[PDB]
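Single chain ahead, by itself, as structure tokens, in the form deposited in one PDB entry.
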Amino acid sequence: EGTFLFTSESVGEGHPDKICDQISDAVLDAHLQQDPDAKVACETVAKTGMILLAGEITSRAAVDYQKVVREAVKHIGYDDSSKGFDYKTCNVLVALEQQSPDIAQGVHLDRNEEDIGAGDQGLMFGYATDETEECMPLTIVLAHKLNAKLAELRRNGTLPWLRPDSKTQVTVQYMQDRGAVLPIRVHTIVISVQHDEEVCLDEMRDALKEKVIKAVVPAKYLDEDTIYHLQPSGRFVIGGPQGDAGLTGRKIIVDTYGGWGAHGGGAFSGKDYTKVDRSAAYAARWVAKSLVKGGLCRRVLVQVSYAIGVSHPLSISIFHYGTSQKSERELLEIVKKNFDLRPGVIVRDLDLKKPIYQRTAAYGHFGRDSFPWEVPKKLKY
């Protein structure tokens, strides 16, 4: 009684959509290394043998797109035609133009940096939950860690049949507690991972349980009733872009909260700080996690929204799930007194000209590595 299921997924570094996110952010970082004020909107598309870059960049940097793309693919692990994709020999196509001058004049031309307009309209959410120390849902934390474990065991050679393309999915049974949520047990785990031709299904399923799941998921969460769907398709030799086209910004729930919270629809990768889809979502995460680590909430959702060309957010909303003694109105007032959500101030607070974006583009943007948006702000009230 009072229990429910919730499911989240994650994907690996070689999932084709995630390849695109990583490449887009490799391009962004390459520009930022030379020009901290680069305007970047780089979409990547991946299909058999092809990486296409399409979008808009205005920058003083000189970037060798061939080299940057190929290095990103190399890092992921696609280095031979036997794996379905090879950084050495794939096609790299570039369709990158300047930023529209109409956008530039309306957003940033001649504006004081603190008073730059949002680079687009849109809405964004931040979320935090005290169910884990890092203030993330357990479902997606576990899903990410399963993909990370696959990559680890691939790279260290202990499961050399593994390839870079993987997906995981975790269903947890929760109890609720005055609006907060309490994990009880893992109900179902899915793992699918690309593999070499020679390994059999039974060898894979045994390894996935023993060397992946048991290594990652605490035994206290696994019991006789847990359902395992390990290599449920039965065969996954074809993978990466050869198996499924990839695009930037097609894993936005994997990138964020795994179905928990909410999403405003904007993708992160390939975008500089003036694109509030990224900067304001990072800031909203920072606000949410500041409220939870500050002891004001156990769980909270923050919405913000913007108009192109306008600095200040159009709206800010706080939803605390009943997990605060303060009203949502009071929390909103605390937020407004402690945060300035103009993009030209977020950039300073969160150090958003620094070329660290490729590191964000797999395993989620939140809940790890003490990025600036993960370090709570101390609140005055």
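Numbering starts at 1 and follows the sequence shown. Throughout, rigid core stands for the largest set of C-alpha atoms superposing within 1.5 Å between the two forms.
The following text describes the form deposited in another entry, which does not appear among the structures shown.
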| note | Shifting its Cα by 2 Å or more between the shown form and the other one with the rigid core aligned, the only one of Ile253, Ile308, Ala245, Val94 is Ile308
| said: So that I can tell if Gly122 moves, could you say whether its C-alpha shifts by at least 2 Å between the shown form and the other one after the core superposition? | reply: yes
| field | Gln33 C-alpha shift between the shown form and the other one of 2 Å or more, rigid core reference | value | no
| request: Using a superposition on the rigid core, decide whether the Cα position of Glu333 changes by 2 angstroms or more between the shown form and the other one. | output: yes
